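See structure below.
Note that we place each Cβ from the backbone using ideal geometry, even for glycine, and neighbour counts take in every protein chain shown. Here, each number is a calculation from the coordinates, and none is a lab measurement.
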Amino acid sequence: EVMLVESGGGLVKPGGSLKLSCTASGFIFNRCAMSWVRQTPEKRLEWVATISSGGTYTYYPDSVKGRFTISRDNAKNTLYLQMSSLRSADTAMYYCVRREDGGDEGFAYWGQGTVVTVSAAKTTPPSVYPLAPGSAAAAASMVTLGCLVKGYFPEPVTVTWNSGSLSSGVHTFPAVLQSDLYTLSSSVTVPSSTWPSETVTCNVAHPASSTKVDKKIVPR
Amino acid sequence: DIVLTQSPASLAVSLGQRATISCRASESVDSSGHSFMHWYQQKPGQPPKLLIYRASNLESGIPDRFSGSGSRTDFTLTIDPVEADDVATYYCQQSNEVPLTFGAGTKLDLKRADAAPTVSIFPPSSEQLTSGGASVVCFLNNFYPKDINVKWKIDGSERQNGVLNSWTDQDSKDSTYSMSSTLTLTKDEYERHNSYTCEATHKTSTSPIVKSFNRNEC
Amino acid sequence: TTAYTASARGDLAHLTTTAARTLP
Amino acid sequence: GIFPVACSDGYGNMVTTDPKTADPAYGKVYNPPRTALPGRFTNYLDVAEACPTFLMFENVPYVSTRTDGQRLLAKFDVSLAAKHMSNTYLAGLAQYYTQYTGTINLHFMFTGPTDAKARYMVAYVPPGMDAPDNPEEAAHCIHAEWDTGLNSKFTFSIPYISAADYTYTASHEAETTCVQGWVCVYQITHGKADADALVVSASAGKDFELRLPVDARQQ
Amino acid sequence: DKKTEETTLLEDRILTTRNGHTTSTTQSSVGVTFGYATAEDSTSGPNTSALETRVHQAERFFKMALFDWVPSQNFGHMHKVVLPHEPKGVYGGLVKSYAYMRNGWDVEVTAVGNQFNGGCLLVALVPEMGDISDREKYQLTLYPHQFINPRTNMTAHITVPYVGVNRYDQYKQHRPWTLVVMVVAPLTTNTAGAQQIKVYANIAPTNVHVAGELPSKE
Amino acid sequence: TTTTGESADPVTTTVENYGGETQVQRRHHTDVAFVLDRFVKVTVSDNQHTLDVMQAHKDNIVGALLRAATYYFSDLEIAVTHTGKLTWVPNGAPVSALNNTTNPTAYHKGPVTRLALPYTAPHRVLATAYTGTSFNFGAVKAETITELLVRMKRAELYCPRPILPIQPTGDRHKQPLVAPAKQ
């Protein structure tokens, strides 16, 4: 209905450049003011820029003045944030927000996001190690099993257990930067019987490097 | 720049109770006859959701359990009664004056009753070793309150370096948290030792809950 | 500056007489 | 009886700027004679008209012929705040008044050798468009072309053409573009003129006025 | 204005207006209302360092439609517009080539129906008009105005001077004049009235002066 | 007295038409320069405040009457009840100036401190409306600003705008008027 889908995210080396687009639908874009807000890793939200009312009077906070430009194309309903001199501080998830309607009333209707990963680091694939238990842990009735994904870049990896099936007591923990390249673990609890007799498999997908990796959990 | 300061930064609250959230601006946020203070709800993986929008008035149709008040500098969200469909990080933000500052958020989580952690320790896989390394990962799952303290031991000797920890946000179902603990060693100093121990201490016990393997029993 | 419930100094001030302090 | 007076409230408060004069105490003092001391000045703006100071382009007062052809040698904001002014007397002065009106003079002294010849153009781009990067687009504004010769210097006046009768010396945060346009100076061509310096200065114009003194600065 | 022959059953009070090579005759005038003055202030101010010029060519008629008056729309129904709006031709060209400019307006609004209609419109020009309340439509007569009433006239004519806190403007972001037309007596149609009335405007920018030639790409 | 109504040309009949006799008036009180030449409270919110006449209450005589015009000119007189040093700064001055004392700063002498200030905008006149910052008389700052009043001197008004009263509930708007004690 109102609709803000942004596009253009990526992995970029420091000092580099990207241009995002906020493609719009379901409202008269050419007559509304527009904003970009980002969300940093440590989950805090910074406003990025505001463009005026389908024409220009552009506004920016200090961190971005000089480096970032907000521009809009009323002819084909697309908002842009061109970004030059990507400082690593700029690794955030970027959102296209419709800024204005009858008045000043918050930022209602927010897009969905594109991530930027400024790292010199470039695309590394994920190492997935089955976390099966030692001999001394198969006991009681439920039995927890795990998946160790290591040092990959950019984020994300999607861990799935059994192509969908064990969507039940599976905990997948937040990614962390061991050294500018991520680790990520996922555990599933299973009835002991189910394993070892039935194959628990870990489905690891890393969009960015065109990797899917499936590791079986085989015991001892 | 106006600075907003939210209090508390995480609160645990029982269902049906009242959670209040204050947000202080360092200098007036009212212009004209309007406070330009806004409150948002961020569920994991959602875009933020506008909730309240000039300190008191609600958006669209978000539940009336939700209200706001405040003039100038002192603003509050009140959720009364808290349902489980409210676990999230809440933010206030101002629109009076560029640069459009944003408060720190407050992660609201659910007091559940206390639940102690299930503790799993995993060796390194034979292949992580083959590539020259070893992570010993511990899992401490489904517990409440989120303040727990895990420890590493290796042959009794304590261990501090190379422990990477991460916590799952509150779970919507059973308002517990979980987390992993990973000691990463090199393959050579890892083989230089025999018992490894994830020792976790959390308020539901007098004992540390300890878990350990012993490379002779592999 | 259009009509408007906003403030002079705010990204909407270019619509305020209403309150862009009336008059630039 | 004596003379009945009403001591009005809200009257009498000190005031750092009042037009009165304090009572005295030490009198009958005679100053040494200072008849005809050289270099007296009566109003700042006189010296400002008489002595043009230099503009700045990254640590230097001149502009350098990059290479032969249609190059845009410089372009800047028409505000006394402008980066290019900065070291300029005019700006150092204007910093104490809120408003102004008037003509500003630009001076271009070619420093090249006798075998170095060039031709330049200078224009005043009023706001409403974006400062053109090439003469043919700028040729439509108030401009002036001129070549090198015996006369090293060339002066040119920057016209006060604004909506209001006065304008601010100061620059507001909300202003993205220089409220008063820009002045771009090009080169049309040259020969053996590359490397050579065209040092520029600016002086106050005849009808240039500064008004409304203000003290905004640190202490 | 007046006409001869004698008396008659038709119309008289003839008047021809002319700006540039454009005329506009009207056998049913009611005179012409004059602005807030008879002559504009000094056209050559200090704010223009006297680099201003005037263009005779711009001062000509240009037409632009308003709306259709129908019995439905009753009291207070109003149609406003800010002059120039989208400007074409010579006049338009000026706006694209000069930074600042100024001019007044020669407005001739013509609601051609037929003498058997009842009803009545009020046409005015307003300085810095920023949304009137319902109540203050009643005090619209404080502005240069003129009524159109079918039993009497077909055309309303008002001439007005340039105004503003500035001797010269940047039309591209401030125009002072706003031409409005409001229904005061809803349109009557009776037996032989006209079903509905088409309302147009014949305008001329008066005494157009421009200053500060801009750069150009075409 | 029949007229062509459409004309818009003013018409003013008199009691003489039926036999009456129009008298004399002294509209001193309805004189622009005069009515506006009085103090009006303006709602100050901080300990620093930009001087603007549009801030008078829209239903207050002065503000109601000022808004009954579209363009205006005038000098100012101000009465501030403040604490510490009161500093004024001219239109277009960097806000940072309010702290500097070499600017027109008045020391305390309670209760109020009264000053006469020059119209200081850069336009030929200011406005009540506008169909698009500078529309001010400068700004004031004092450690404490308890109350603020302003007075328009030398007022000039151009182009009248409307001015409405109260919409009565019934046939007329009745209310309590100053009367003597009953006894």
- Message: Filter the range A:78-131 down to the residues that are in contact with a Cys (Cβ under 9 Å, 6 or more places away or on another chain) and more than 14 Å from chain B (Cβ to nearest Cβ) and list them by number.
- Response: A:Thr78, A:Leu79, A:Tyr80, A:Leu81
- Might you let me know whether the range F:46-62 holds any residue that is out of contact with any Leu (no Cβ under 6 Å at 6 or more places or on another chain), in a helix (DSSP H, G or I) and facing chain D (nearest Cβ under 7 Å)? no
- the range D:103-134, subset among the polar types (S, T, N, Q) and under 30 Å from E:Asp169 (Cβ atoms), residue farthest from the other protein chains (Cβ to nearest Cβ): D:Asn105
- Message: So, restricting to strands (runs of 3 or more DSSP E) that lie completely within the range E:117-218, which ones have at least 3 residues that are within 14 Å of chain F (Cβ to nearest Cβ)?
- Response: E:118-127, E:145-148, E:155-160, E:177-188
- Task: Would you point out the residue of the range F:78-130, among those that are among the β-branched types (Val, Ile, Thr), assigned to a strand (DSSP E or B) and in contact with a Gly (Cβ under 8 Å, 6 or more places away or on another chain), that is nearest to F:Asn47 (Cα to Cα)?
- Result: F:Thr81
- Expected single match for under 18 Å from the mean Cα position of the chain (by Cα) and outside any helix (DSSP H, G or I) among B:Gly45, B:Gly70 is B:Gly45
- Query: Any residue in the range F:15-35 that is under 30 Å from F:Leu86 (Cβ atoms), of a type outside the set (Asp, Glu) and part of a loop (DSSP other than H, G, I, E, B)?
  - Reply: no
- Every residue from the range F:98-126 that is more than 8 Å from chain D (Cβ to nearest Cβ) and of a type in the set (S, T, N, Q): F:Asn99
- Query: With respect to the numbered conditions (1) touching an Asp or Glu at 6+ places or on another chain (Cβ under 8 Å); (2) crowded, with 20+ Cβ neighbours inside 10 Å; (3) within 23 Å of B:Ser172 (Cα to Cα), which one is the sole condition not fulfilled by B:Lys146?
  - Reply: (2)
- Query: Can we say A:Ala140 is on the phi > 0 side of the Ramachandran plot and within 13 Å of chain B (Cβ to nearest Cβ)?
  - Reply: yes
- Query: Would it be correct to say that D:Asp18 is acidic (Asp, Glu) and either surrounded by 13 or more Cβ atoms within 10 Å (Cβ to Cβ) or over 29 Å from the mean Cα position of the chain (by Cα) (or both)?
  - Reply: yes
- Can you give me the number of residues within the range A:82-117 that are of a type in the set (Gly, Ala, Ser) and part of a strand (DSSP E or B)? 1
- Message: Given the condition within 26 Å of B:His202 (Cβ to Cβ), within 9 Å of chain A (Cβ to nearest Cβ) and not hydroxyl-bearing (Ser, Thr, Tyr), answer yes or no: does some residue in the range B:123-133 qualify?
- Response: yes
- Query: Quick one: would you say E:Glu52 is more than 14 Å from every other protein chain (Cβ to nearest Cβ), out of contact with any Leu (no Cβ under 9 Å at 6 or more places or on another chain) and among the acidic types (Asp, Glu)?
  - Reply: no
- Item | Within the range B:92-112, tally of residues that are assigned to a loop (DSSP other than H, G, I, E, B), touching a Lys or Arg at 6+ places or on another chain (Cβ under 9 Å) and among the charged types (D, E, K, R) | 1
- Any chance the range E:84-106 includes a residue that's under 20 Å from the mean Cα position of the chain (by Cα), within 14 Å of another protein chain (Cβ to nearest Cβ) and part of a loop (DSSP other than H, G, I, E, B)? yes
- Item | Residue among E:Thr178, E:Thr152 that alone is within 29 Å of E:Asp134 (Cβ to Cβ) and over 19 Å from the mean Cα position of the chain (by Cα) | E:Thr152
- Item | Residue selected from the range F:20-43 under the condition buried (at least 19 other Cβ atoms within 10 Å of the Cβ) and away from chain C (no Cβ under 14 Å), by the criterion nearest to the chain's Cα centre (by Cα) | F:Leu36
- Query: Any residue in the range E:136-143 that is closer than 24 Å to C:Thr16 by Cβ and crowded, with 23+ Cβ neighbours inside 10 Å?
  - Reply: yes
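Quick grid of which residues meet (1) hydroxyl-bearing (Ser, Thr, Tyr); (2) surrounded by 15 or more Cβ atoms within 10 Å (Cβ to Cβ); (3) within 20 Å of B:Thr73 (Cα to Cα); (4) within 14 Å of chain C (Cβ to nearest Cβ):
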| position | (1), (2), (3), (4) |
| --- | --- |
| B:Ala12 | no, yes, no, no |
| B:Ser28 | yes, yes, yes, yes |
| B:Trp39 | no, yes, yes, no |
| B:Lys43 | no, yes, no, no |
- Message: Testing A:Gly66 on (1) more than 10 Å from every other protein chain (Cβ to nearest Cβ); (2) farther than 23 Å from B:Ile2 by Cα, one condition comes back false. Which one is that?
- Response: (2)
- Query: Restricting attention to the range B:90-105, which residues are within 24 Å of B:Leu15 (Cα to Cα) and either surrounded by 23 or more Cβ atoms within 10 Å (Cβ to Cβ) or among the charged types (D, E, K, R) (or both)?
  - Reply: B:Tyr90, B:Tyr91, B:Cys92
- Residues satisfying the stated conditions in the range F:132-166, i.e. β-branched (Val, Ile, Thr), farther than 26 Å from F:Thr30 by Cβ and crowded, with 18+ Cβ neighbours inside 10 Å: F:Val140, F:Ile145
- Message: Could you tell me how many of the residues in chain C are within 10 Å of chain F (Cβ to nearest Cβ), part of a loop (DSSP other than H, G, I, E, B), farther than 14 Å from F:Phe135 by Cβ and of a type in the set (A, V, I, L, M, F, W, C)?
- Response: 1
- Query: Can you tell me which residues in the range E:7-27 are under 17 Å from the mean Cα position of the chain (by Cα) and either part of a loop (DSSP other than H, G, I, E, B) or exposed (fewer than 15 other Cβ atoms within 10 Å of the Cβ) (or both)?
  - Reply: E:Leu15, E:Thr16, E:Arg18, E:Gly20, E:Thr22, E:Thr23, E:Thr25, E:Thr26
- Item | Close pairs (6 angstrom Cβ cut-off, 6 or more residues apart or separate chains): at the interface with chain F (Cβ under 10 Å from one of its Cβ atoms) in the range D:156-179, among the hydrophobic types (A, V, I, L, M, F, W, C) anywhere | D:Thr169/D:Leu80; D:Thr169/D:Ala94; D:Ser171/D:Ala81
- Exactly one of B:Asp114, B:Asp109, B:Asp155 is acidic (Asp, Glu), crowded, with 21+ Cβ neighbours inside 10 Å and more than 7 Å from chain A (Cβ to nearest Cβ), and that residue is B:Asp109
- Message: Going residue by residue through the range D:198-210, is there one that turns out to be more than 10 Å from chain F (Cβ to nearest Cβ), under 29 Å from A:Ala49 (Cα atoms) and surrounded by 15 or more Cβ atoms within 10 Å (Cβ to Cβ)?
- Response: no
- Query: Across the range F:127-145, which residue is farthest from F:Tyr107 (Cα to Cα) among those that are of a type in the set (A, V, I, L, M) and within 12 Å of chain C (Cβ to nearest Cβ)?
  - Reply: F:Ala129
